[PDB]
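Here the protein sequences line up with chains V, y, H, r, b and B, keeping their order. In case it helps, PDB author numbering puts the first sequence at residues 23 to 36, 51 to 64, 68 to 137. In case it helps, PDB author numbering puts the second sequence at residues 1 to 118, 124 to 138, 142 to 225. In case it helps, PDB author numbering puts the third sequence at residues 129, 132 to 136, 141 to 188. In case it helps, PDB author numbering puts the fourth sequence at residues 2 to 42, 45 to 57. In case it helps, PDB author numbering puts the fifth sequence at residues 13 to 25, 50 to 112, 121 to 169, 178 to 188, 207 to 212, 234 to 244, 251 to 272, 282 to 288, 301 to 310, 328 to 342, 419 to 470. In case it helps, PDB author numbering puts the sixth sequence at residues 12 to 225, 269 to 387.
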Amino acid sequence: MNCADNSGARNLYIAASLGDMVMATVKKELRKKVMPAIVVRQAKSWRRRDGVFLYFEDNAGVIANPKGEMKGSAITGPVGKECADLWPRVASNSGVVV
Amino acid sequence: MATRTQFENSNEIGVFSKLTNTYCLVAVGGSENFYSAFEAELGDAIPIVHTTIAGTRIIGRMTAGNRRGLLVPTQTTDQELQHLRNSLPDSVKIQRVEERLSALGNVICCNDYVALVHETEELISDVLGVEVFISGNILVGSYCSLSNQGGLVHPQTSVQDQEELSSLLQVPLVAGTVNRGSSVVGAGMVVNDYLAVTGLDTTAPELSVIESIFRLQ
Amino acid sequence: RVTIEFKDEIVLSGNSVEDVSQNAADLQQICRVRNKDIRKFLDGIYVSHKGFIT
Amino acid sequence: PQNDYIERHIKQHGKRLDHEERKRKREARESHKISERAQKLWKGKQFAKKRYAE
Amino acid sequence: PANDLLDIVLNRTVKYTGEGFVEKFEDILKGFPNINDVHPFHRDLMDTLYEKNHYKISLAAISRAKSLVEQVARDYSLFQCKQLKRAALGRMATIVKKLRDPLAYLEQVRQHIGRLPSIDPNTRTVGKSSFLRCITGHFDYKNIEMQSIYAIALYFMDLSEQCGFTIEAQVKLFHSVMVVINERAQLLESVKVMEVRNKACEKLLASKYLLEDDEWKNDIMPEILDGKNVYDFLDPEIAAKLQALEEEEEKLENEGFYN
Amino acid sequence: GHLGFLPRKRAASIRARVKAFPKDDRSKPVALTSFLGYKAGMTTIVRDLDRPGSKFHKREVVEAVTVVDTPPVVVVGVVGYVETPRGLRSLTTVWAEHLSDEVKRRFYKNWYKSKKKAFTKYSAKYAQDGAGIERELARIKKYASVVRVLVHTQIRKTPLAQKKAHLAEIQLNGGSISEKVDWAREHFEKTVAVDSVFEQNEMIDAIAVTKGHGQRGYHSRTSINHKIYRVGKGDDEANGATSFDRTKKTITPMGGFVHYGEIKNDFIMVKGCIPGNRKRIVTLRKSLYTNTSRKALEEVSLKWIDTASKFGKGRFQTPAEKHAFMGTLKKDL
RNA sequence: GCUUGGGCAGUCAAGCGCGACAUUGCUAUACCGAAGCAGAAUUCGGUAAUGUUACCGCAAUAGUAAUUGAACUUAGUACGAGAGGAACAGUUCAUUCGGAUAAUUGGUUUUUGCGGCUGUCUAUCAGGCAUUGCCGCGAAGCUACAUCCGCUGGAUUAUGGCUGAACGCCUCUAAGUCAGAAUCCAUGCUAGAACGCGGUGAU
RNA sequence: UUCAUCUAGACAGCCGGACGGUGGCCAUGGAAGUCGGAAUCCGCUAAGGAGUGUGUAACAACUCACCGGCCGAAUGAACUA
């Protein structure tokens with residue numbers, strides 16, 4: 023999946053869904072470095088409790104420490120509504136939602 | 001005066017709050033502590049509105065307005081806009097931004113007289134009745153705060169930018185941290201001309217700086 | 129089950151010894167300081183005095 | 002966590018109201034509990052060996 | 013103690053016993069802080085209190101016992125193969141039983157070290181307990236003889258002679283340091328409540420919804436009429452539209468040239 | 012799976028039989044306890060959750076519901092039960108003088124070829140002054156410390172070709188069983204509305220045989279804590295004109311239900327999916343007790359109801375919108 | 001009537017020169033009791049055909065279930081020099097498993113459906129043949145990346161107590177007695193004895 | 001079964017006495033019988049271990065073993081079946 027921050031990471035590498057935090061690595068000094076990541080987009084629509092079938096363009100996520108401290112100072116691209124509300128830190132750096 | 005409060009054991013008051021001289025916006029929830037945060041100093045002096053933007057608790061991050069008006073992003077639903085209109089008097093102007101964007105509180109920081117943003126400028130000026138003009145910050149709103157008495161910015165703000173804004177704002181500006189060194193000044197506290205709310209992590213030096221900049225004493 | 135009357143002290147009187155004694159025991163045994171240090175914590179209600187009504 | 006805090010608190014306030022009576026009752030009941038363990042309870048053999056050693 | 017630990021370990025059952057003993061010994065050793073390597077100030081302070089020689093002897097004895105148990109475990121009809129297990133278990137028990145003295149010594153210090161008034165070295169500094185209680207202990211702003240003597244690594254004086262202590266003794270005991287005062303009065307010159332702390336701070340640093424009217428507050432505004440969200444188009448008294456978009460069905464439908 | 016639902020053998024009776032009834036109340040007045048209906052269709056429901064401190068507090072929430080056809084139930088008799096060491100026993104039963112055609116048919120397997128010799132002598136026995144029937148009523152009054160009422164549903168009203176009514180027993184939680192039998196005596200051959208038993212937001216349990224999968271399925275199952283979203287009534291205005299919509303329209307999906315007829319008579323909307331497919335016979339019971347929880351106490355705020363066509367696919371709500379979406383049509387002009 | 005956890009050398013000595021307890025040199029969840037348990041955390045111990053016919057009914061008996069974690073609130077309060085930080089109860093969510101359903105979505109496949117079309121023909125009018133025509137779209141069925149729900153009363157192990165002899169003290173125990181376990185029985189749920197039963201319509 | 005007490009008062013339950021050199025010597029930041037080391041005396045009185053325990057940094061206070069008073073017959077310790 024692509025990285026959802028301005029850190030410049032080419033891609034992210036490790051079921052986990054949007055808003056779930058799992059260990060992740062920056063596939064492409069950061070090689071083979073494990074750090075928790077939060078998924079902000081998955082490019083798939085699920086049965087939302089609000090009844091609206093959300094959609095995204097591509098899978099994306101953010102890499103942060105266990106407490107969720109965003110590595111970058113901003114988030115590139117839209118962020119899932121559930122993920123943004125779940126994590127206040129993500130919302131602070133989030134620019135657009137969906 | 002400045003007050004130390006919390007929300008769901010979280011010190012990010014600004015994320016779930018937006019204070020104004022005539023009203024206050026807070027996220028929906030049964031946590032009496034959050035309501036007490038604003039009710040302790042002034043009781044029921046000004047109304048407190050429990051609502052949300054796009055059905056989220058980040059209303060504080062998604063809302064950017066002053067005592068004279070309020071603004072909400074496109075993601076805001078019609079029902080939420082109607083609830084906000086019913087919860088505020090006709091004096092406060094409420095309008096929806098139709099531009100492609102969602103984070104208004106993280107991009108726009110303004111007070112009752114001046115507004116700073118990253124056409125929509127005319128709409129912002131009309132709704133808030135303020136002049137529309142920070143140190144290269146990607147998200148000025150998330151790392152800035154303002155009030156008629158004064159304003160607070162992130163510690164990394166350049167001295168030149170602070171001086172220019174203070175000269176334009178006609179009031180002094182001070183850069184400091186919140187919530188025990190946290191650099192998100194706009195997410196850890198919300199202040200008005202006579203009441204400042206800060207999280208528990210806010211240390212004594214930060215509280216003193218907040219009190220001094222707004223010159224309550 | 132016995133009467134209640136009154141310092142910060144309760145007074146229980148009843149014709150039947152068993153009834154009043156069991157009531158006092160139940161009152162003392164409901165204030166269980168679970169998962170706490172017995173010596174450090176003294177809060178509760180305990181039997182103090184016994185005697186005849188007369 | 003000072004040099005002596007539980008002892009200081011006990012001296013300032015004292016032990017529990019029924020600490021003495023409860024301890025005496027436990028000591029008295031230990032006599033019957035020893036017999037019950039001897040007539041009850045590998046564990047029984049170990050208890051018997053410990054009693055014989057005592 | 014040694015007896016209780018042996019029973020606890022042996023009640024769960050051959051290498052498992054040795055592994056458990058090694059784990060317990062490692063936890064005891066690692067959990068306890070090395071007296072000679074904590075910190076110079078704290079090292080000396082612990083030296084004045086506990087028997088450092090006995091502490092080191094106990095640590096060495098525990099390490100040697102663990103090594104011996106590991107060595108024994110590594111070295112180690122039905123009766124012929126059965127007696128070996130009993131012999132190994134007895135060997136381990138006998139080796140463990142020799143720890144009563146070091147374990148007894150460590151029992152006293154294990155509890156004591158858990159509630160010491162230890163503070164970080166970077167922390168800024178006649179009945180002095182009364183003043184200590186009054187001042188605050208943490209006051210963040212902005234063997235006994237040797238332990239007391241180690242304060243060299251502030252002093253208090255009394256103008257009167259309270260507690261029965263001679264003024265001459267107080268003057269002699271004195272021999282930067284700040285002196286606090288609550301032929302006899304002249305000898306006091308030989309030395310040469329928050330105010331004292333304020334003065335010392337120098338060196339310390341240098342160290419609800421409404422409407423237009425409440426007449427119709429009970430209205431619900433269904434927000435849907437025949438499947439269209441008319442609320443978005445609920446403009447007040449649209450008189451021009453009410454005619455413009457309603458007269459068409461008669462003015463233009465008369466022609467009706469859709470076919 | 013679940014050992015409690017074994018052995019997995021085919022159900023002997025198509026109609027599920029209630030195993031237990033709510034505990035009787037000696038102080039409350041005589042009232043019904045269970046109702047009969049037929050499952051019919053499924054649709055989506057949206058509302059706003061007033062549950063305090065919830066993730067969707069004072070905000071919209073969506074889920075799925077099911078509709079059960081519940082035509083008015085008409086009583087046919089009263090059954091008394093006595094307490095015996097071997098279990099509850101029925102000592103005497105009294106039937107009404109007149110019975111519906113469906114009730115008579117239910118007692119037949121060759122109704123067309125049979126002589127239709129239904130209650131004739133018992134019906135003729137009612138021509139007496141009343142001593143014989145009153146004697147049995149007095150006997151039931153003396154004995155039968157617990158009483159039940161036998162009723163049946165109006166199959167003819169439902170859009171089905173079965174034309175055969177289903178007979179079932181209804182328990183009464185009233186008190187003074189003498190008062191119970193007196194009340195029953197005054198309601199023979201009388202129809203009782205659905206609202207008399209259940210109401211909106213009430214919690215009930217539905218029992219029915221699950222779908223047969225060609269051994270898989272065809273077993274009686276029970277689902278408890280089934281909130282009644284709505285209690286439809288054919289006598290009232292269009293059931294689609296909710297308080298939050300107040301617009302006249304039928305709840306039935308446009309074009310009719312899938313493999314089922316239109317619903318216009320009294321019906322009930324049940325949260326979740328009741329076991330079994332459409333055209334079943336489902337017995338409604340009031341949970342056998344009082345469930346204390348926010349789930350039972352919370353009310354329903356139906357802002358919108360999905361009533362569009364569902365035969366494969368559908369987008370319009372009423373037939374008038376089909377041409378409006380596609381514009382004027384040739385068949386229109 | 002299998003079975004389950006130190007040798008050598010010396011002092012022992014209830015008893016019968018042998019012989020008892022010590023002793024000297026090597027080689028998961030949950031609930032209770034104790035700890036210097038200040039809070040949290042932690043450690044040690046314990047529990048685990050039958051009269052035919054049709055309907056409405058009872059239940060002898062067999063099986064049984066829910067489950068794991070998270071958030072507000074109690075709270076940044078009792079506690080504590082600060083670091084750190086409770087629990088009960090009132091609320092809100094999610095994960096595993098289970099009884100079911102297809103309302104939206106979606107893998108789906110004889111709509112072997114719809115507009116056009118390929119090699120080609122009596123050429124658009126009509127698709128014949130292409131073991132199953134193709135393109136794009138798409139029914140019914142399998143069926144989940146889809147959805148609803150998943151119960152309350154006693155008796156009890158350990159445990160803490162009341163009254164009170166043995167033993168004129170005493171004792172939770174010997175006669176009695178209260179609270180109490182993921183334990184037992186009950187409520188509920190599934191089946192209903194081809195050979196358990198009751199009432200009713202019909203000759 | 002073997003011993004001890006026993007109408008010169010059996011076991012048990014309460015009340016009283018339970019001292020003087022003395023706070024023995026050493027150990028002392030203060031430890032006086034009871035945080036420790038080594039002997040254990042005289043005067044006595046029906047009865048005091050330079051002390052069997054609880055407890056205080058030390059005294060303080062209670063105490064069992066030792067006797068007396070109120071009490072009234074068998075009781076206690078160890079062994080065998």
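Every residue, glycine too, gets a C-beta built ideally from N, C-alpha and C.
TODO: Kindly indicate the opening and closing residues of the beta strand (DSSP E) around B/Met323.
DONE: 321 to 325
Open item on the list: Once DSSP output is grouped into helix, strand and coil, what is the label at B/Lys50?
Closed with: Here B/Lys50 sits in strand by DSSP.
Task: Residue-level contact to chain y via CB, b/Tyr442, 9 Å cutoff - done: yes
Open item on the list: Considering only their Cβ atoms, is the gap separating y/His162 from y/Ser143 smaller than 9 Å?
Closed with: A contact, by the Cβ cut-off of 9 Å.
Open item on the list: DSSP has y/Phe7 in a bridge; who is on the other side?
Closed with: y/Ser10
- [ ] Measure from the C-beta of r/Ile35 to each C-beta in chain H and report whether the shortest distance is under 9 Å.
- [x] no
Task: the stretch 72 to 84 of chain y in contact with the stretch 11 to 24 of chain y per 3-pair CB rule at 8 Å - done: no
Task: Which listed residue (y/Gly69, y/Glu99, y/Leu116, y/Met62) has its alpha carbon closest to that of V/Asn132 - done: Looking from the CA of V/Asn132, the closest CA among y/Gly69, y/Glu99, y/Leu116, y/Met62 belongs to y/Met62.
Open item on the list: Against chain B, does V/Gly55 count as a neighbour if the rule is that its beta carbon must be under 9 Å from one of theirs?
Closed with: Closer than 9 Å to the CB of V/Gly55 there is not a single CB belonging to chain B.
Open item on the list: Considering only their Cβ atoms, is the gap separating B/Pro329 from B/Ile218 smaller than 9 Å?
Closed with: In this structure, B/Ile218 sits near B/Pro329, with a CB-CB distance shorter than 9 Å.
Open item on the list: Going by C-alpha to C-alpha distance, which of B/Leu356, B/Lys191, B/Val87 sits closest to B/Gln165?
Closed with: The candidate whose alpha carbon is nearest that of B/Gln165 is B/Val87.
Open item on the list: So with CB distances below 8 Å, who are the chain y contacts of B/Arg70?
Closed with: By Cβ distance, chain y contributes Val28, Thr52, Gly55.
Task: Proximal chain B residues relative to b/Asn470, where beta-carbon distance stays under 7 Å - done: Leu387
Task: Proximity to y/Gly149 [Cα-Cα], best of y/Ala212, y/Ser175, y/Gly189, y/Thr165 - done: Looking at y/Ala212, y/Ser175, y/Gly189, y/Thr165, the one whose alpha-carbon comes closest to that of y/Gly149 is y/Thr165.
Open item on the list: Determine whether the beta carbon atoms of V/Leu54 and V/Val91 lie at a separation below 9 Å.
Closed with: Going by beta carbons, V/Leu54 and V/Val91 fall outside the 9 Å limit.
Task: Residue closest to y/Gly189, alpha-carbon to alpha-carbon, out of y/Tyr23, y/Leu215, y/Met1, y/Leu104 - done: y/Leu215
Open item on the list: Quick check: is the beta carbon of V/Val135 nearer than 9 Å to any beta carbon in chain y?
Closed with: yes
Open item on the list: Between B/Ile215 and B/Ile181, how many whole angstroms is the CB-CB distance? I'm expecting something under 8 Å.
Closed with: About 14 Å separates the two Cβ atoms, so there is no contact after all.
- [ ] To the nearest angstrom, report how far apart r/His10 and V/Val135 are at their CA atoms.
- [x] 58 Å
Task: Three-state secondary structure assigned by DSSP to B/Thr276 - done: Secondary structure of B/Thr276 (DSSP, three-state): strand.
Open item on the list: For a test of the three-state rule: what should DSSP assign to B/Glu94, helix, strand or coil?
Closed with: coil
Open item on the list: Can you check which of these residues, B/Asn319, B/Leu60, B/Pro96, B/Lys152, is closest to B/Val90 by C-alpha distance?
Closed with: B/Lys152
Task: B/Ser189 beta carbon less than 9 Å from that of B/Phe298 - done: no
Open item on the list: Could you tell me the alpha carbon to alpha carbon distance between y/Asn200 and y/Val132, rounded to whole angstroms?
Closed with: 19 Å
Task: Contact set between the stretch 64 to 97 of chain B and chain V, restricted to residues whose Cβ is under 7 Å from the partner - done: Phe67, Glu71, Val72, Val73
TODO: Kindly say whether y/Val15, judged by its beta-carbon, lies nearer than 9 Å to any beta-carbon of chain V.
DONE: With 9 Å as the cut-off, y/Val15 counts as an interface residue toward chain V.
- [ ] Flag V/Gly119 as yes if its beta-carbon sits less than 9 Å from any beta-carbon of chain B, otherwise no.
- [x] Chain B contact via Cβ: absent.
TODO: Determine whether the Cβ of r/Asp5 lies closer than 9 Å to any Cβ atom of chain H.
DONE: no
Task: Amino acids of chain r, ordered along the chain, whose beta-carbon sits closer than 9 Å to that of b/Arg332 - done: Going along chain r, no residue has its Cβ under 9 Å from b/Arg332, so there is no contact; the nearest lies around 21 Å.
Open item on the list: Out of B/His13, B/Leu14, B/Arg332, B/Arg21, which one is the CA nearest neighbour of B/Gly225?
Closed with: B/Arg21
Open item on the list: Using CA atoms only, rank isn't needed, just tell me which of V/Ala60, V/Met23, V/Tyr35 is closest to V/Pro105.
Closed with: V/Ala60
Open item on the list: Buried or exposed, going by whether 16 or more other CB atoms sit within 10 Å of the CB of y/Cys109?
Closed with: buried
- [ ] In angstroms with no decimal places, state the Cα-to-Cα distance between H/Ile144 and B/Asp36.
- [x] 40 Å
Task: Cα-Cα separation between r/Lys16 and r/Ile7, rounded to whole angstroms - done: 10 Å
- [ ] Count the C-beta pairs between the stretch 164 to 178 of chain B and the stretch 69 to 84 of chain B that are closer than 8 Å, then say yes if the count reaches three, no if not.
- [x] yes
TODO: Determine the chain b residues that contact y/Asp78 at a beta-carbon separation under 9 Å, and present them in chain order.
DONE: Those are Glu434, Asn440, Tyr442, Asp443, listed as they occur along chain b.
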